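*Asks:* Input: one structure, supplied below.
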Amino acid sequence: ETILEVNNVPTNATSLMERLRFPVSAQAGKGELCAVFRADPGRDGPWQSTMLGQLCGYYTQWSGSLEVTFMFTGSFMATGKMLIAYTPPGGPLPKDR
Amino acid sequence: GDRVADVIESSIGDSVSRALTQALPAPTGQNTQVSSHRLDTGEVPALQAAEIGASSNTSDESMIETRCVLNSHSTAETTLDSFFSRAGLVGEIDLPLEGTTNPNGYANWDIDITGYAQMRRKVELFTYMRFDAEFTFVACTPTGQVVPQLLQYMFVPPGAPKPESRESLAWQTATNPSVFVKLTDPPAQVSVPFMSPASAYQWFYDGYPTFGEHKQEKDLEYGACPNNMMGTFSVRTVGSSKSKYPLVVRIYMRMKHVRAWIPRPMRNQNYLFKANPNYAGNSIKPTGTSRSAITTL
Amino acid sequence: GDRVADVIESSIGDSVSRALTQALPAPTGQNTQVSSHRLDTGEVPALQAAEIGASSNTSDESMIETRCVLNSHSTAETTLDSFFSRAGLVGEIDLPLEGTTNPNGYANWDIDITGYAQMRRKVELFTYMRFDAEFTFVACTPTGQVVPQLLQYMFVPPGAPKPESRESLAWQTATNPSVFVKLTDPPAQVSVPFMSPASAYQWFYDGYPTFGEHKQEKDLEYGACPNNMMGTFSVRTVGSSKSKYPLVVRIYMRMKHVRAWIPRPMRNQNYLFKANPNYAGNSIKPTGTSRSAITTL
Amino acid sequence: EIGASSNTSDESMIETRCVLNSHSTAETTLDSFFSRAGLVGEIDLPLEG
Amino acid sequence: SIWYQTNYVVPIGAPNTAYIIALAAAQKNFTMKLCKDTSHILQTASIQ
Amino acid sequence: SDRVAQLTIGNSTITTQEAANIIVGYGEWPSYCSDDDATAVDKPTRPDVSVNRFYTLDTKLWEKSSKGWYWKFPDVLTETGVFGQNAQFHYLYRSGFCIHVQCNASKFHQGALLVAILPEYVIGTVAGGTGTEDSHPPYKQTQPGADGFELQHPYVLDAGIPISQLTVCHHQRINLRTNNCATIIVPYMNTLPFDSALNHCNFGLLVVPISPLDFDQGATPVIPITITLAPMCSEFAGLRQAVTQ
Amino acid sequence: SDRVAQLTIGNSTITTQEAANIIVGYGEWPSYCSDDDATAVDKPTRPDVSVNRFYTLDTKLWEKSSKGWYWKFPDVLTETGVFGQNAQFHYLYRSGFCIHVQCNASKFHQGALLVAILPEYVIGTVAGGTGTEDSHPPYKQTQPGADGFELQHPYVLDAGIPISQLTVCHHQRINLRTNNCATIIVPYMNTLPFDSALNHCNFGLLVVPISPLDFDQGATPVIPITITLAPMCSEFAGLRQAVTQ
Ligand SMILES: CCCCCCCCCCCCC/C=C/[C@H](O)[C@H](N)CO
Ligand SMILES: CCCCCCCCCCCCC/C=C/[C@H](O)[C@H](N)CO
């Protein structure tokens with residue numbers, strides 16, 4: 001497993017370390033959206049900075065199942081639940097949970 | 001286990017292909033048996049129904065009085081390997097000196113065998129093909145002369161960055177297969193495997209590769225099958241400065257270990273575009289030739 | 001047969017009810033074993049989790065020091081047949097002489113046991129019931145007097161034409177079951193089987209019986225289950241001219257061969273309508289009784 | 001936090017089907033990755049310079 | 001996509017904003033084919 | 001070995017680490033109807049993994065002055081997915097359920113919830129306050145949809161039956177001290193082997209806060225409750241055109 | 001013993017007394033994909049009797065000056081029934097077909113029809129008449145829907161291929177002298193085990209009148225042609241939200 005740059009928003013060199021983790025916080029409780037990214041390991045995006053995105057840059061075709069392991073780095077007394085949905089192609093960005 | 005009776009006595013999940021036909025060995029043609037005169041009732045071998053869809057099963061013996069012929073004509077010529085293993089011209093790459101086509105000593109050619117009409121009409125007899133290849137690159141001046149010039153062929157797979165110019169850093173071929181030939185030798189010859197993500201190529205693909213609202217701007221992606229876009233072929237004159245000999249490269253492909261599926265009608269009209277079965281709207285030419293009347297020749 | 005592996009090793013079509021419980025015979029109450037003092041670690045029989053949803057499994061021996069008691073208290077009183085086989089008043093039919101309720105010597109009563117609050121609260125402890133019946137019709141004057149009058153009870157199944165009057169031609173009972181009694185005899189008693197199209201009755205049916213746009217006119221059909229509309233009960237004074245004795249009929253139903261499914265809470269508020277669980281909006285009365293404080297009695 | 005990766009099979013997360021996979025892994029070996037000749041140096045020999 | 005199922009609940013004294021780190025891998029049925037040149041890199045001219 | 005659990009069915013998965021236990025409704029697992037119980041003569045269709053999966057319905061807001069909510073099943077699943085498109089075309093319908101209610105809080109919050117399954121929960125109104133008019137509940141209150149409906153008088157459950165005896169049916173408690181989820185597996189409870197899926201609602205889910213919420217000023221003030229449910233051993237019979245209601 | 005036939009599959013039944021025979025496409029029956037051919041790792045759903053049934057598409061009008069029609073499959077079945085609602089939610093798709101074209105006339109009418117199955121029938125346009133512009137067919141001509149599309153130049157089949165060699169594929173003839181229906185069973189023909197059901201049309205049905213219609217003044221002047229088709233061994237894989245195109 002290698003770190004997947006989901007939050008590839010910042011540009012400048014003084015904040016390039018912020019492109020490894022994405023923030024969560026307290027919402028209004030409406031089933032909001034946190035983050036979204038494509039699942040192509042041969043595209044310019046979050047998968048480009050893994051060991052799978054550089055070793056499948058040297059190959060044309062790939063097969064098999066991917067897996068994305070998350071990790072929570074918050075407090076111990078703070079809980080929460082997240083829905084991590086995967087959409088097969090054809091379906092666009094959803095507007096609601 | 002199972003306790004319901006409409007599943008244990010069901011046929012859901014039949015995976016094997018229940019075939020009605022069974023391929024028999026036939027090394028030569030079929031012989032002819034001796035037949036005599038027959039004047040019976042009920043048994044008619046000359047009357048059929050074309051509305052059924054099947055063809056005629058009338059033997060020659062059931063229509064005339066035949067003779068016994070031990071036929072020994074071999075059918076080893078009409079097979080798929082003896083029909084497609086003949087190298088035809090599939091592409092031509094130009095490298096001029098002073099011009100506007102390729103004035104920088106390099107030219108990029110996308111891989112498609114549907115550029116020339118003589119090879120295209122044979123491979124579009126079928127819908128799905130599955131073959132290896134033997135490419136052959138014959139390089140010469142436009143006047144046919146052979147000059148002492150070194151050339152580099154490069155096979156760029158789909159995804160790799162194309163060379164912007166002759167001195168670009170993509171020509172260093174660390175993983176791309178490249179062929180270095182001069183012109184004073186026999187022409188180069190490689191062997192390309194079956195390089196498709198699908199199980200077979202397809203020259204006719206009815207549909208779109210993308211999703212979304214297909215309007216007038218995105219209409220040109222119809223019929224572009226991405227199981228056939230095999231990359232880009234690139235050539236250059238191996239050096240830094242400007243060359244002084246004009247070049248013409250010709251590509252010859254022959255197929256081997258050919259398997260073909262689902263035959264279809266062959267085209268009779270003129271071709272107009274690559275990977276696009278357009279035709280002339282006003283000039284619709286009939287297949288045969290015309291005569292004066294039907295009662296005479 | 002089957003050749004795929006995701007069906008021959010699947011569990012689609014499991015018909016048997018995989019039960020976790022198994023009913024054991026229990027003719028009397030459970031005895032008590034001798035228990036001594038226990039001062040161990042880890043093994044705690046008094047601490048549970050009510051968040052699990054299951055109840056307490058704490059035996060009496062694991063909490064105090066008990067004595068051996070051979071308990072012989074029979075549990076044959078709390079069964080379903082020993083709880084419902086007591087005839088209660090389910091309906092009353094009036095037959096006056098000069099009035100506006102039933103001035104024509106006949107009255108039609110729809111069959112429902114939810115008209116009187118004392119029988120209704122017992123049968124609405126469960127959701128589904130399946131019982132026979134023993135009806136009993138005790139007829140008397142409003143002053144309790146018994147007069148020499150002949151009466152005809154008629155059970156009208158759902159669909160048959162109701163009698164418009166006393167001299168109507170539906171009283172000829174060619175296929176309807178009828179009971180002819182006087183009043184100077186013991187009261188009539190019949191035995192009604194389980195007459196439902198469903199597999200059990202239901203006193204609570206959440207939903208509508210029809211389709212379509214349910215608006216403000218068609219809102220009264222909510223909760224009207226048509227697996228319980230068993231028809232119409234009809235009485236008349238058997239004769240042509242006007243009678244001269246007022247009548248009151250009382251109906252007493254007791255259930256036998258009772259099976260009940262899916263228990264539910266019992267009602268604590270006052271009833272207001274038939275087959276309609278309405279209650280008083282302002283007068284919501286608590287179940288228990290109130291005191292001054294919680295620290296004292 | 002242990003440091004090891006995920007050992008979650010595909011069957012323990014969704015309802016799968018039996019697939020007899022026959023994709024060869026003979027392309028990703030070391031000999032099939034490095035045995036492609038690349039340019040490692042260039043030597044110049046001019047006349048007047 | 002990552003959607004908030006319920007919320008992120010936090011008591012008094014603990015901070016407001018937490019962070020999630022995503023780590024991607026491959027399975028035991030992963031297979032690659034048709035070795036090529038890498039695409040998502042470039043190189044400036046005139047090294048040294 | 002008991003606090004953590006995972007529910008894998010279809011292509012969905014629920015993982016929770018503060019679970020209590022998975023209750024089983026009346027000791028009976030959901031199953032398919034046998035040949036003895038069956039009434040119809042046509043072969044019933046049964047999509048295997050395309051309907052037996054979790055559907056996250058809606059997010060509620062457990063405030064301080066909450067009363068309760070109720071969802072009528074299977075009314076909540078007539079517009080979602082292939083299950084919501086099979087129950088509009090088909091006539092007969094048979095399925096168990098598997099209901100899982102998440103409600104999370106910190107170790108500084110306190111409160112409890114009662115998650116109940118009441119079969120044939122018949123809504124009754126107040127009869128005009130005094131009990132004179134024969135009023136009836138409207139269509140937007142009887143079958144509320146996927147958004148539920150707030151209880152107006154939760155002590156009598158808006159049906160005349162008291163709340164203190166609700167635990168004779170299926171109940172699990174979301175107490176924000178020990179657990180955070182309540183999972184119930186409900187079998188198919190009806191007098192008929194099949195049933196229409198557009199008018200008859202089999203059972204009603206009841207989520208009522210028994211012990212109220214409490215926290216001090218500084219914690220986050222909104223606590224959401226989410227319902228997540230999956231049909232199990234679904235069956236359909238009898239095709240027609242698509243009708244909505 | 002051969003003129004009459006009956007097709008019972010699902011809850012539908014076609015009975016005809018002037019049938020010729022039931023042709024089988026390429027000697028192969030439709031079936032389900034084996035474990036060797038399968039690529040996906042999720043379990044495919046398979047509604048048994050709710051999608052394997054006949055769908056009567058539309059009624060055409062065979063007039064005197066008719067040219068032909070074509071229907072792209074399976075584009076015609078994305079708005080009809082449970083099959084039209086499963087192919088909108090699912091991603092992968094695999095099915096054979098069973099096409100049955102009725103066309104009736106009396107014993108005083110004459111004419112013939114050619115019912116053909118052309119796999120990957122790619123529509124090409126006339127390139128502006130002279131053959132200079134790189135034009136492309138619009139979306140309302142490539143995938144016409146359930147209403148078909150009239151052929152503009154039927155001799156070249158609007159694709160550059162001549163009509164006289166069309167019978168190398170599957171063909172039955174509706175000759176109004178002997179028979180009145182043409183029944184074709186098509187297996188699943190694609191290079192992939194599964195396929196998307198919203199962009200790729202597998203094969204195209206072609207109904208072209210070879211011999212024209214003729215009758216005298218006094219018979220009824222309109223002769224209709226109706227297409228009736230049923231998928232067989234349908235399978236779907238991969239759930240998502242409902243997208244139309
Ligand atoms: C130095 C390497 C030589 C270049 C080798 C190229 C290998 C590509 C395989 C050739 C097989 C024919 C590809 C067929 C595709 C057709 O053009 C499309 N279906 C129609 O455009
Ligand atoms: C002479 C014949 C005597 C009449 C016999 C009547 C037989 C009807 C069977 C009685 C069983 C009770 C019916 C129960 C239905 C409840 O009223 C409804 N579920 C609620 O209105």
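Ligands are numbered from 1 in the order shown, residues from 1 within each chain, and chains are lettered A, B, ... in the order they appear in the structure tokens.
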May I ask you to extract the residues of chain A within 12 Å of chain G, using only C-alpha atoms, and to give them as a CSV table (one decimal) with C-alpha atoms, in the first residue's frame?

*Replies:*
```csv
chain,number,residue,atom,x,y,z
A,63,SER,CA,-6.3,-6.7,-15.1
A,64,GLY,CA,-7.6,-7.7,-11.7
A,65,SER,CA,-9.1,-6.0,-8.6
A,66,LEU,CA,-7.8,-2.8,-7.1
A,85,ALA,CA,-19.3,4.2,-2.7
A,86,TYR,CA,-17.9,2.8,-5.9
A,87,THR,CA,-19.7,3.6,-9.2
A,88,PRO,CA,-19.3,1.4,-12.3
A,89,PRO,CA,-18.9,3.4,-15.5
A,90,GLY,CA,-21.7,5.2,-17.3
A,91,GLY,CA,-23.0,6.8,-14.1
A,92,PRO,CA,-21.9,10.4,-13.7
A,93,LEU,CA,-21.1,12.2,-10.4
A,94,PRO,CA,-24.1,11.7,-8.1
A,95,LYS,CA,-25.9,14.7,-6.7
A,96,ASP,CA,-27.0,13.0,-3.4
A,97,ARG,CA,-26.0,10.1,-1.2
```

*Asks:* Counting only C-alpha atoms, a student should be able to say which residues of chain D come within 12 Å of chain G; what is the right answer, written as a PyMOL selection string?

*Replies:* chain D and resi 9-23

*Asks:* Using only C-alpha atoms, can you tell me which of A:68, A:51, A:39, A:28 comes closest to chain E?

*Replies:*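 When distances to chain E are compared using only C-alpha atoms, the smallest one comes from A:68.
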
*Asks:* Collect all residues with atoms no farther than 7 Å from ligand 1, counting only C-alpha atoms and all ligand atoms, and output them as an MDAnalysis selection string.

*Replies:* chainID B and resid 111:114 133 135 153:155 177:179 190 192 195 201:203 225 228:230 233 274:275

*Asks:* Can you check which residues of chain D have any atom within 12 Å of chain E? Use only C-alpha atoms and format it as a list in words.

*Replies:*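 The answer, sorted by residue number, is residues 1, 3, 4, 5, 6, 7, 8, 9, 10, 11, 19, 20, 21, 22, 23, 24, 25, 26, 27, 28, 29, 30, 31, 32, 33, 34, 35, 36 and 38 of chain D.
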
*Asks:* Do you know which residues are at most 12 Å from residue 66 in chain F counting only C-alpha atoms, after dropping those on the same chain fewer than 2 positions away, and could you put them as a list in words?

*Replies:* residues 60, 61, 62, 63, 64, 68, 69, 111, 113, 150, 151, 152, 153, 154, 207, 208, 209, 210, 211, 212, 213, 214, 222, 223, 224 and 225 of chain F

*Asks:* Run DSSP on the backbone and tell me which residues of range 34-82 of chain G come out as strand (DSSP E); list them as a list in words.

*Replies:*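 DSSP-assigned strand (DSSP E) residues in range 34-82 of chain G: residues 55, 56, 57, 58, 59, 60, 61, 62, 69, 70, 71, 72 and 73 of chain G.
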
*Asks:* Quick one: contact table of chain B to chain D, 10 Å max, nearest atom pair and distance in Å to one decimal per residue, counting only C-alpha atoms, chain and number order, as a Markdown table?

*Replies:*
```
| residue | atom | partner | partner_atom | distance |
| --- | --- | --- | --- | --- |
| B:171 | CA | D:39 | CA | 8.8 |
| B:172 | CA | D:39 | CA | 5.2 |
| B:173 | CA | D:38 | CA | 5.3 |
| B:174 | CA | D:38 | CA | 3.9 |
| B:175 | CA | D:36 | CA | 5.5 |
| B:176 | CA | D:36 | CA | 7.6 |
| B:177 | CA | D:36 | CA | 7.3 |
| B:178 | CA | D:37 | CA | 8.9 |
```

*Asks:* Counting only C-alpha atoms, collect the residues of chain G whose closest atom lies at most 7 Å from chain B, and write them out as a ChimeraX atom specification.

*Replies:* /G:20-21,27-29,31-34,120-122,124-131,136,138-139,159-162,165-166,168-169,171-175,191-192,199-201,245

*Asks:* Please measure the separation of CA of residue 5 in chain E and CA of residue 59 in chain F, giving the value in Å to one decimal.

*Replies:* 8.1 Å

*Asks:* Pick out each residue of range 143-240 of chain G that DSSP on the backbone tags as helix (DSSP H, G or I); I need them as a PyMOL selection string.

*Replies:* chain G and resi 163-168

*Asks:* Give me the residues within 8 Å of residue 84 in chain B as a count of residues only, counting only C-alpha atoms and dropping any in the same chain fewer than 4 places off.

*Replies:* 5

*Asks:* Quick one: residues within 10 Å of range 13-20 of chain E, only C-alpha atoms counted, chain neighbours fewer than 2 positions away excluded, as a list in words?

*Replies:*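 Once the nearby chain positions are removed, what remains is residues 6, 20, 21, 22, 23, 24, 25, 26, 70, 71, 72, 73, 74, 75, 76, 77 and 78 of chain A; 8, 9, 10, 11, 22 and 23 of chain E; 218, 219 and 220 of chain F.
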
*Asks:* Please write the residues from the selection above to a file, keeping N, CA and C atoms, as a PDB file, in the first residue's frame.

*Replies:*
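Once written, again_6.pdb looks like this:
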```pdb
ATOM      1  N   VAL A   6      -5.296  12.026  -2.864  1.00  0.00           N
ATOM      2  CA  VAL A   6      -6.687  12.355  -3.151  1.00  0.00           C
ATOM      3  C   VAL A   6      -6.893  13.864  -3.179  1.00  0.00           C
ATOM      4  N   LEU A  20      -1.611  14.665   0.772  1.00  0.00           N
ATOM      5  CA  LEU A  20      -1.690  13.260   1.131  1.00  0.00           C
ATOM      6  C   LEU A  20      -2.946  12.897   1.901  1.00  0.00           C
ATOM      7  N   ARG A  21      -3.619  13.865   2.513  1.00  0.00           N
ATOM      8  CA  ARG A  21      -4.763  13.604   3.370  1.00  0.00           C
ATOM      9  C   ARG A  21      -5.852  14.626   3.080  1.00  0.00           C
ATOM     10  N   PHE A  22      -7.103  14.244   3.337  1.00  0.00           N
ATOM     11  CA  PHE A  22      -8.222  15.129   3.068  1.00  0.00           C
ATOM     12  C   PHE A  22      -9.055  15.332   4.328  1.00  0.00           C
ATOM     13  N   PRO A  23      -9.509  16.553   4.595  1.00  0.00           N
ATOM     14  CA  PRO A  23     -10.125  16.855   5.889  1.00  0.00           C
ATOM     15  C   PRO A  23     -11.578  16.427   6.011  1.00  0.00           C
ATOM     16  N   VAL A  24     -11.947  16.082   7.246  1.00  0.00           N
ATOM     17  CA  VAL A  24     -13.330  15.859   7.639  1.00  0.00           C
ATOM     18  C   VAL A  24     -13.628  16.774   8.819  1.00  0.00           C
ATOM     19  N   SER A  25     -14.904  17.101   8.985  1.00  0.00           N
ATOM     20  CA  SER A  25     -15.320  18.042  10.019  1.00  0.00           C
ATOM     21  C   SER A  25     -16.788  17.794  10.341  1.00  0.00           C
ATOM     22  N   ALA A  26     -17.374  18.694  11.124  1.00  0.00           N
ATOM     23  CA  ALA A  26     -18.775  18.599  11.505  1.00  0.00           C
ATOM     24  C   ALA A  26     -19.635  19.337  10.490  1.00  0.00           C
ATOM     25  N   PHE A  70      -8.216   2.885   3.557  1.00  0.00           N
ATOM     26  CA  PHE A  70      -8.206   4.188   4.199  1.00  0.00           C
ATOM     27  C   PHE A  70      -7.664   4.065   5.615  1.00  0.00           C
ATOM     28  N   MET A  71      -7.416   5.213   6.237  1.00  0.00           N
ATOM     29  CA  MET A  71      -6.944   5.241   7.614  1.00  0.00           C
ATOM     30  C   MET A  71      -7.360   6.557   8.244  1.00  0.00           C
ATOM     31  N   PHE A  72      -7.905   6.489   9.453  1.00  0.00           N
ATOM     32  CA  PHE A  72      -8.386   7.659  10.171  1.00  0.00           C
ATOM     33  C   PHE A  72      -7.323   8.121  11.156  1.00  0.00           C
ATOM     34  N   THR A  73      -6.972   9.405  11.093  1.00  0.00           N
ATOM     35  CA  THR A  73      -5.945   9.957  11.969  1.00  0.00           C
ATOM     36  C   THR A  73      -6.523  11.043  12.864  1.00  0.00           C
ATOM     37  N   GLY A  74      -7.681  10.782  13.466  1.00  0.00           N
ATOM     38  CA  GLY A  74      -8.307  11.716  14.374  1.00  0.00           C
ATOM     39  C   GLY A  74      -8.090  11.338  15.827  1.00  0.00           C
ATOM     40  N   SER A  75      -8.869  11.980  16.693  1.00  0.00           N
ATOM     41  CA  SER A  75      -8.793  11.731  18.123  1.00  0.00           C
ATOM     42  C   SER A  75      -9.373  10.360  18.461  1.00  0.00           C
ATOM     43  N   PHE A  76      -9.145   9.929  19.698  1.00  0.00           N
ATOM     44  CA  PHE A  76      -9.738   8.678  20.146  1.00  0.00           C
ATOM     45  C   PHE A  76     -11.188   8.842  20.571  1.00  0.00           C
ATOM     46  N   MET A  77     -11.554   9.998  21.119  1.00  0.00           N
ATOM     47  CA  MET A  77     -12.901  10.239  21.612  1.00  0.00           C
ATOM     48  C   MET A  77     -13.847  10.716  20.519  1.00  0.00           C
ATOM     49  N   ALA A  78     -13.366  10.824  19.286  1.00  0.00           N
ATOM     50  CA  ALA A  78     -14.176  11.259  18.160  1.00  0.00           C
ATOM     51  C   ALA A  78     -14.501  10.073  17.266  1.00  0.00           C
TER      52      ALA A  78
ATOM     53  N   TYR E   8     -19.467  13.619  11.956  1.00  0.00           N
ATOM     54  CA  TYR E   8     -18.235  13.479  12.723  1.00  0.00           C
ATOM     55  C   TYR E   8     -18.478  14.100  14.094  1.00  0.00           C
ATOM     56  N   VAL E   9     -18.665  13.254  15.104  1.00  0.00           N
ATOM     57  CA  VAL E   9     -19.024  13.689  16.452  1.00  0.00           C
ATOM     58  C   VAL E   9     -17.763  13.814  17.287  1.00  0.00           C
ATOM     59  N   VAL E  10     -17.656  14.906  18.038  1.00  0.00           N
ATOM     60  CA  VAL E  10     -16.446  15.184  18.804  1.00  0.00           C
ATOM     61  C   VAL E  10     -16.832  15.830  20.135  1.00  0.00           C
ATOM     62  N   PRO E  11     -16.205  15.440  21.255  1.00  0.00           N
ATOM     63  CA  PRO E  11     -16.544  16.063  22.543  1.00  0.00           C
ATOM     64  C   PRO E  11     -15.778  17.346  22.821  1.00  0.00           C
ATOM     65  N   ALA E  22      -5.547   7.941   2.509  1.00  0.00           N
ATOM     66  CA  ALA E  22      -5.928   6.872   1.601  1.00  0.00           C
ATOM     67  C   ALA E  22      -4.694   6.146   1.086  1.00  0.00           C
ATOM     68  N   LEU E  23      -4.741   4.817   1.143  1.00  0.00           N
ATOM     69  CA  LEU E  23      -3.630   3.969   0.732  1.00  0.00           C
ATOM     70  C   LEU E  23      -4.146   2.933  -0.251  1.00  0.00           C
TER      71      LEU E  23
ATOM     72  N   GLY F 218     -20.037  23.066  23.815  1.00  0.00           N
ATOM     73  CA  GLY F 218     -18.702  22.826  23.297  1.00  0.00           C
ATOM     74  C   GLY F 218     -18.618  21.614  22.392  1.00  0.00           C
ATOM     75  N   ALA F 219     -19.451  20.606  22.640  1.00  0.00           N
ATOM     76  CA  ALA F 219     -19.562  19.480  21.728  1.00  0.00           C
ATOM     77  C   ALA F 219     -20.390  19.890  20.513  1.00  0.00           C
ATOM     78  N   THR F 220     -20.359  19.070  19.473  1.00  0.00           N
ATOM     79  CA  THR F 220     -21.125  19.379  18.269  1.00  0.00           C
ATOM     80  C   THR F 220     -22.606  19.102  18.518  1.00  0.00           C
TER      81      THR F 220
END
```

*Asks:* Find the residues of chain E in contact range of chain B, meaning any atom within 9 Å when counting only C-alpha atoms, and list them as a PyMOL selection string.

*Replies:* chain E and resi 34-45

*Asks:* Rounded to one decimal place, report the CA of residue 15 in chain G-CA of residue 78 in chain G distance in Å.

*Replies:*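 Value for the CA of residue 15 in chain G-CA of residue 78 in chain G distance: 26.2 Å.
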